[PDB]
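[1] Sequence, then the experimental structure. Questions to follow.
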Amino acid sequence: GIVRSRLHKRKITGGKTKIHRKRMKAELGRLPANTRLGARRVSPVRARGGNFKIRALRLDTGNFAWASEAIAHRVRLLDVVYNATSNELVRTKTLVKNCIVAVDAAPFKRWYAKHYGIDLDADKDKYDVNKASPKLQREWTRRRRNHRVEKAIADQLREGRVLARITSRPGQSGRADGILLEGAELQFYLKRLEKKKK
Amino acid sequence: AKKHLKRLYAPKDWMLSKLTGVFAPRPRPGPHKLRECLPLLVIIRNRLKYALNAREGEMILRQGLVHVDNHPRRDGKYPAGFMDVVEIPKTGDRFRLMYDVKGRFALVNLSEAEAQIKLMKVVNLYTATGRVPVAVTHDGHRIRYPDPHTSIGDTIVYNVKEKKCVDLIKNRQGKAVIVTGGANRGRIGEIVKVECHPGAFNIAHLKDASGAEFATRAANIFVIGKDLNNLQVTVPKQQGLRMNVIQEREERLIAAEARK
Amino acid sequence: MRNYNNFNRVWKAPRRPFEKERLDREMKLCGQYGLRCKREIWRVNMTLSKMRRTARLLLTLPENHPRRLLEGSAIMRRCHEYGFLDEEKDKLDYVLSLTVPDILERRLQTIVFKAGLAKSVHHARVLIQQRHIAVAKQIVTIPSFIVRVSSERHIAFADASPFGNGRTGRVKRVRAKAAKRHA
Amino acid sequence: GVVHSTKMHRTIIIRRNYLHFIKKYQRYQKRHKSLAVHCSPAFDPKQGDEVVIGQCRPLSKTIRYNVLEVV
RNA sequence: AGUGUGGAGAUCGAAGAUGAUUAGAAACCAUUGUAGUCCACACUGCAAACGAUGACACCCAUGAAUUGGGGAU
RNA sequence: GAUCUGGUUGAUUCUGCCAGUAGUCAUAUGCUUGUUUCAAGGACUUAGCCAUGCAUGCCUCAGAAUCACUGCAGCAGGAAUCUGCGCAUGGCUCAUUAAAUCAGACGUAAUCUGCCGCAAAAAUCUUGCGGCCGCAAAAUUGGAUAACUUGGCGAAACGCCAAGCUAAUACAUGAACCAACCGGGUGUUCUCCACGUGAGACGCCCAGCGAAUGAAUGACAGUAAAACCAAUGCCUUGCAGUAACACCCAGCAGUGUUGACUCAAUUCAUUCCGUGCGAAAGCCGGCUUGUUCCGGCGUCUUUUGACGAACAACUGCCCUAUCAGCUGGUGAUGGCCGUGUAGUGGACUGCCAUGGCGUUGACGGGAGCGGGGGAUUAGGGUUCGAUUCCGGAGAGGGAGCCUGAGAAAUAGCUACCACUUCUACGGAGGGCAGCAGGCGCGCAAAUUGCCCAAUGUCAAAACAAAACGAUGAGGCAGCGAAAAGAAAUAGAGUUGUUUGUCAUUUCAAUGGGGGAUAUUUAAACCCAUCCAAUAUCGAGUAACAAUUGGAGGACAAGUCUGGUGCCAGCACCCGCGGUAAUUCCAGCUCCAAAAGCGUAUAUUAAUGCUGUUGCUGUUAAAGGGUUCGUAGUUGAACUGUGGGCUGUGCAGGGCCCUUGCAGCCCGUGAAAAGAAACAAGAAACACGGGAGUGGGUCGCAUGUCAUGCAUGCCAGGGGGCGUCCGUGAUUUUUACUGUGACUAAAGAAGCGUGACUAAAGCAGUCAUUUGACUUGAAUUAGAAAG
RNA sequence: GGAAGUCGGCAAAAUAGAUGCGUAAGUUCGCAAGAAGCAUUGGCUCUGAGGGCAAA
Ligand SMILES: [K+]
Ligand SMILES: [K+]
Ligand SMILES: [K+]
Ligand SMILES: [K+]
Ligand SMILES: [K+]
Ligand SMILES: [K+]
Ligand SMILES: [K+]
Ligand SMILES: [K+]
Ligand SMILES: [K+]
Ligand SMILES: [K+]
Ligand SMILES: [Mg+2]
Ligand SMILES: [Mg+2]
Ligand SMILES: [Mg+2]
Ligand SMILES: [Mg+2]
Ligand SMILES: [Mg+2]
Ligand SMILES: [Mg+2]
Ligand SMILES: [Mg+2]
Ligand SMILES: [Mg+2]
Ligand SMILES: [Mg+2]
Ligand SMILES: [Mg+2]
Ligand SMILES: [Mg+2]
Ligand SMILES: [Mg+2]
Ligand SMILES: [Mg+2]
Ligand SMILES: [Mg+2]
Ligand SMILES: [Mg+2]
Ligand SMILES: [Mg+2]
Ligand SMILES: [Mg+2]
Ligand SMILES: [Mg+2]
Ligand SMILES: [Mg+2]
Ligand SMILES: [Mg+2]
Ligand SMILES: [Mg+2]
Ligand code: NA
Ligand code: NA
Ligand code: NA
Ligand code: NA
Ligand code: NA
Ligand code: NA
């Protein structure tokens, strides 16, 4: 079937390799997952050695990490907004590694409020920051005195959806984990998204 | 996955005649490598002569009458390589597998409190789950908590009966070593220097009792004592001293003449 | 198929098939030593050629060479025990001077004839091939048996032969059986 | 080796020039072996420069070496 | 020698013609004669293109010459 | 053994081929063959085609018997059938194949890995009783489904329904407490203390292995003193002194590994949905016979190391230019983000950018499986390698695949295309480049044998006992003048006819062979042993009778005798035959090799006729018409006499010079130190987590809530070292040569060894003994690259 | 069915636009050549690429 050998490739001299053996199972390839945005659906694949690769055909939620806060939360995937390979992978809503998506910022807002006692939504089921005991209030000031948040991230949390980058391979792991875009990476991709709308 | 081993492809140290058969007992995976092991069938049939053939060797072995490292082995394809203590309690054999100056395997007879002791060369060190320091030796043992001073290349003295380490000999200059592989296999000398080549094979230069300098790759040396006199294990008859070939020939001729 | 028993050749034919001098010398040797064919002479020639080639290779090397020392000692020993070379001469250059008669003297047939167990060299071959000669209490039936100097003393008639401690041969056995038939 | 071509992006071609001994004629003959080497942006080698290369895993269909130092 | 395009065309002269000689004799020999031969420009690159002897370097006996450049009387 | 000879002339000296000559485990073919030993043996042609049979199965004390099996009287064997494991090995063939394969040398820190070695494992609310609760606890888990039975279908089919049983170590499920340590998040929770970086309980939410994503570790090692403030430890009521740490642990890791790691491991955040994780809810023994008896097994998950797999490539590897350009739409060379994979990668998608290769021969074509190795050779070489060991590839041809640790498997599957076989015409099959054996094809290659006795492999398996696992792998025999070794076909005389010959005449001996008390052998068969041990057959034309080529030369050996007459023939070549043939067809004789000897065709030597060693080019073959000229090859010198001393040499012409000895800042300068010369293998720093507790150079302090059961107990300095880090040379390699490492056997050398010798083999040997030899199994060489 | 019709393919049929690939003998080297051949093409909804002008 599909192979990953160099027999079919032309030599650097331009010559044609004369193949003198049949194809092997140790050099096979397999059809891509083409993971889409939808309700979760996966298929196991028996890889070499007896192990299993979870070929994910659709995924909707995943583990997205706030790296500067060293935390992670399981959120819903709302959209895929940018792909470096092509924009057809954005039209078809294909989830691949290093693709830019928009996720649900409510868990991150709630964790920020619970950890630092700062409510982003207030200044513009939900946690109450005035209910906290005054031992926790002393805890909040100790945490708050070292840490400052970025306005670009804070604006996205208030809006309800925050951009993120997929850091897992869905066609191999079967899951769509990621990281929130921060710093110069966020400003790089935001500029690309503004070019499309104009 | 190969199951067979031709007699021509078998190691020469097994001393299997090319006309006796086409095949040789292929060593099963285990403690020692296929090229650096002596199968239990070979030991019990071609060395001890207890079994006249493979059938009788199997009858001996499958009863658990042969103990290797204080554990009965029923397999005639068991590797049973260097430093291994093989004991037959019914005949009280109790010999250790070593190398002689010619490089061939030798059965050095032991006693009590010596058949309980086995030397192991640490070939790897790694931290296992739970932050447990584990040392892997030349025979496949994984020591769960070795000496804190253990390093790759040093040897440990293992009590096979109690399954515990009793001493550690570091691989330093001046230590007594036996050569385990190569052209100088079986020779015993003291480390005089170890040329270290990062990324490549280190070269240990050794000098034996007679003062003959010889070198070998550092992976072929095995520390056996703190000095060339204070060895921690008994060695074969020649004491790891290579003899000049001409002198050996004349001595053998003189002995043969004196016999008659 | 899958047999590893080794075998080689021991003789080689001469380059020129018809030389008068070579044919005359070979007929001299054949008549003198009672040989069935020229192939025995050619076998002796091949052994001599191998010995002389080894001696030349050793003599090329320096004296202090360990290979020269060991192999020259071995070839000296072999020549001295097999009687090809006199014990007085012990240099490596005396092997090069060996000749075909030197080895042809050491054959069991020639040794028997010289020792007197046979009246002729053609009588000796028959005596050996007929299981009558025993070297060191072992019956030897091969005429080309090269005799060592230490084994020269022990050559005698076999204990199982009629010319010894054995029973009478066919001529007498058959005559006795015929006499029993008549009686 | 010596740098032979610098026309690719982050990749150079080096030449290893050696003499091969032909036994029958007891004489040598000059031969060369071109190699595709990945050059990190930490180095700026020119054609004819002398470089040291270390073997690494396949980075492309021809690259198996990485430049370690420019002499 | 041959080719192309212009010139030139004295002489000699493949082809051709005629006269001889011969058994025959558009062979040798006579008398002619075209192309050529001469030139300009463009081709060709086929010689017993030979010293039948590749190039560069070193050493190398004798007597009489010869060409060119020096130096001395 | 480093060897030549015959043919060009009237003769001569050359060049030069032709012909001779020796080998070939090198094939065929002819003629011939007594004995024994050791052997190859349908590669060549047709990777042509194949009738038939047989080649891979496996059970112990230890997974599952109600055979309606058997014996015995429950017990023990047990058909079958589930279950587990193997069948990816071995065998075969060499078709493919030149950045391929393969060899030596390296990688995989780019990966997978059942069996096997040594390890590790504290996740899990289960069960039974009464009314979610209560109470208790050697967890007494649940559905199937074969074999079987019943009824069957089908011409058949290593074809099939349907219904009734019934198990597993099959499948599913599921175990609280016992039972630890350790962390993270919290409560508008209480108790204190101060008026919050307070402290302490208590609650409840999580804290297992493996996996995913994200942060943090995974050390340091190129500077000294005071202040002040806040907090915090102490001292006492200001900093000596002071591992760290707000009890219950006063040392329960401040310290993984490598040349290198984004690695090992640890902690924190969130996740894992079958696509993980039993104490098999397993089995068998002992005893002593145990709600804690003690073994032997078996199994899940995790882990690393053995056995492997896969991938990459440092050097090498035939002929051809009447093959010079090759690659790149639609991957060519690279880059970027992905995807795929067990992994790395233009392996692949998208997007970029123009690369990559070649006269040091690319590309194309032709012949080839690649090694170890074989033949032949003074040396250099030349040739061969289908074939035993190793590596690759394939199973009529292609392709695809499933299962599995591992297959792109073929005595697996699927489909096409060739061929095929059966049929009751509806259907159903096939794959000898396994073994034996056919049929073709050719110049060319054996038995449809016996056996697992050995050598191995698989397995559920020692052997034995009702009770013998398979195996065409392998061994054994048959066939077998491929090849190799040893060896017969007579020996001693008498007499006559120096010897010798011949005719006699003896005399013993021994085989071939015929047998055996037997021996061998799995059994046979060979061999060996013997022909009485009381008791064992046999040569005289020793008919038990040697052949194949020759006698002009090369080339050993007839002017012999008949035939024949440029005919028949012969003759490698030169030649012979036209009537007194040294050559033909015969007889006799002689020659050469010999159980062998011819012939054909290759290949090596001969052949310095391929010339690197080592060819030739005025006239024998062969300097280009001449110049320029890139590759390519080749290329002038020069950094450079070390001195002194003492002895000592047919030394020689105080001097020079031999050999040895001891000196030399060993040119000049400058004086241990400095200076000068050197010294990157140096120097200058600085690291206890640097040296097996920081290298040379019994009581008494600590402190004592400490297995503090510990620590110091020379002081100081100065040096000199080990390691490890940093920083510095306006930094030296390579070929050659000398050593050393690394590096399968078989084969080739070689040491030893009376297998009766030998080709062999790695054996054996020696006392006579319940055993020695602490038996031996030496050593080499083997391109190139590293 | 396919020139068998007919003096004879007369007449008819046939072919075809654009784009990509590909293309022989011969040759005055210009050609032959649209040689011969293969493939693609619609409608929709998208996505790229190819510019001006002003502004320190
Ligand atoms: K056979
Ligand atoms: K004229
Ligand atoms: K099964
Ligand atoms: K990549
Ligand atoms: K057919
Ligand atoms: K067959
Ligand atoms: K010549
Ligand atoms: K040039
Ligand atoms: K018509
Ligand atoms: K045309
Ligand atoms: Mg789309
Ligand atoms: Mg006319
Ligand atoms: Mg011309
Ligand atoms: Mg002539
Ligand atoms: Mg195989
Ligand atoms: Mg490869
Ligand atoms: Mg072939
Ligand atoms: Mg295959
Ligand atoms: Mg076939
Ligand atoms: Mg297949
Ligand atoms: Mg088959
Ligand atoms: Mg098939
Ligand atoms: Mg006969
Ligand atoms: Mg001939
Ligand atoms: Mg000439
Ligand atoms: Mg050998
Ligand atoms: Mg038609
Ligand atoms: Mg008509
Ligand atoms: Mg018509
Ligand atoms: Mg018309
Ligand atoms: Mg053309
Ligand atoms: Na996009
Ligand atoms: Na005339
Ligand atoms: Na006339
Ligand atoms: Na010839
Ligand atoms: Na093979
Ligand atoms: Na067209």
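    Good, I have the coordinates. Numbers count the residues shown, from 1 in each chain, chains lettered A, B, ... in the order given. Ligands and ions are numbered 1, 2, ... in the order given.
[2] how deep is the closest residue to residue B:69 other than its chain neighbours tucked in, by neighbour count?
    Excluding the flanking residues, the one nearest residue B:69 by C-beta to C-beta, 6 or more residues apart in numbering or on different chains is residue B:160, at 4.9 Å. Where you see a C-beta, it was placed from the backbone N, CA and C, and this is true even at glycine. Residues lying near residue B:160 (other C-beta atoms under 10 Å in any protein chain shown) number 18.
[3] so residue B:160 sits right up against residue B:118, yeah?
    Yes - at 5.2 Å, residue B:160 and residue B:118 qualify as touching, with contact defined as C-beta atoms under 8 Å.
[4] Mind listing the shared neighbours of the two?
    Listed as contacting both residue B:160 and residue B:118 by C-beta atoms under 8 Å, 6 or more residues apart in numbering or on different chains are B:69, B:85.
[5] Phi and psi next, for residue 20.
    No chain was given, so I picked chain A. Torsion angles at residue A:20 (phi, psi; degrees, to the nearest 10) stand at phi -120, psi 30.
[6] Tally up the residues packed near it, please.
    Using other C-beta under 10 Å, residue A:20 is surrounded by 6 other residues.
[7] Going by proximity to chain D, name the top residue of chain C.
    Residue nearest to chain D within chain C (C-beta to the nearest C-beta): residue C:60, separated by 21.2 Å.
[8] Now for that residue: which residues touch it?
    Residue C:60 neighbours (C-beta under 8 Å, 6+ apart): none.
[9] what helices or strands is the longest helix along chain B leaning on?
    Assignment by DSSP state H gives helix B:245-259 as the longest helix of chain B. Helix B:245-259 sits against helix C:66-82, with contacts defined as 3 or more C-beta pairs under 8 Å, 6 or more residues apart in numbering or on different chains; DSSP states H and E.
[10] in chain C, which spans are strands?
    Taking DSSP state E as the criterion, chain C contains strands spanning C:133-135, C:138-139, C:155-157.
[11] Pairing partners for the second one, with directions?
    Strand C:138-139 has these partner strands in its sheet, going by DSSP bridges: strand C:133-135 (antiparallel).
[12] Next, the buried residues of the strand it pairs with.
    Residues of strand C:133-135 classed as buried: C:133-135 (neighbour count, 16 or more other C-beta atoms under 10 Å in any protein chain shown).
[13] tell me, which strand in chain A spans the most residues?
    Counting by DSSP E, the longest strand found in chain A is strand A:71-82.
[14] and the helix or strand following that one, does that touch RNA strand F?
    Downstream of strand A:71-82, the first helix or strand assigned by DSSP states H and E is helix A:88-91. No - Helix A:88-91 is not in contact with RNA strand F by C-beta under 7 Å from any atom of the strand; minimum separation 7.5 Å.
[15] ok, and what's touching helix A:88-91?
    Under the criterion C-beta under 8 Å, 6+ apart, residues A:80-83, A:96, A:99 lie in contact with helix A:88-91.
[16] how far is that helix from where the chain is centred?
    16 Å (C-alpha atoms, centre = their mean, to the nearest Å).
[17] now swap in stretch A:31-38 and tell me
    So, by C-alpha atoms, centre = their mean, the centroid of stretch A:31-38 is 14 Å from its chain's centroid.
[18] now stretch D:3-14
    Between the mean C-alpha location of stretch D:3-14 and the chain-wide mean there is a distance of 9 Å, by C-alpha atoms, centre = their mean.
[19] gap between the two ends of it?
    Using C-alpha to C-alpha, to the nearest Å, the span of stretch D:3-14 from its first residue to its last is 4 Å.
[20] Quick check: closest non-adjacent residue to residue 67.
    If you meant another chain, say so; for now it's chain A. Leaving aside its chain neighbours, residue A:67 sits nearest to residue A:179 (5.6 Å; criterion: C-beta to C-beta, 6+ apart).
[21] looking at chain D here, not the other one
    Sequence neighbours aside, residue D:39 is the residue nearest to residue D:67 in space, at 4.6 Å (criterion: C-beta to C-beta, 6+ apart).
[22] I'd guessed the one you found sits against residue D:65; true?
    No - the pair residue D:39 / residue D:65 is not scored as a contact, 9.9 Å apart, by C-beta under 8 Å.
[23] mind checking which helix or strand the most centrally placed residue in chain D is in?
    The centre of chain D sits closest to residue D:14, judged by C-alpha atoms, centre = their mean, with a distance of 2.6 Å. Remark: residue D:14 resides in strand D:11-22, with elements defined by DSSP H and E.
[24] Can you list the helices and strands that that strand packs against?
    Counting contacts by 3+ C-beta pairs under 8 Å, 6+ apart, strand D:11-22 is packed against strand D:2-5, strand D:27-38, strand D:51-55.
[25] Buried ones in it, by neighbour count?
    D:11-14.
[26] roughly how far apart are residue B:77 and residue B:99?
    Residue B:77 sits 22 Å away from residue B:99, going by C-beta to C-beta, to the nearest Å.
[27] go on, residue B:136?
    22 Å.
[28] So for these two, which residue has more residues nearby?
    Between residue B:136 and residue B:99, counting by other C-beta under 10 Å, residue B:99 is the more crowded of the two (25 against 17).
[29] and the nearest residue to that one once chain neighbours are set aside, what is it in contact with?
    Closest residue in space to residue B:99, ignoring its immediate chain neighbours: residue B:186 at 3.8 Å, by C-beta to C-beta, 6+ apart. Counting by C-beta under 8 Å, 6+ apart, residue B:186 touches B:98-104, B:178-179, B:236, B:240.
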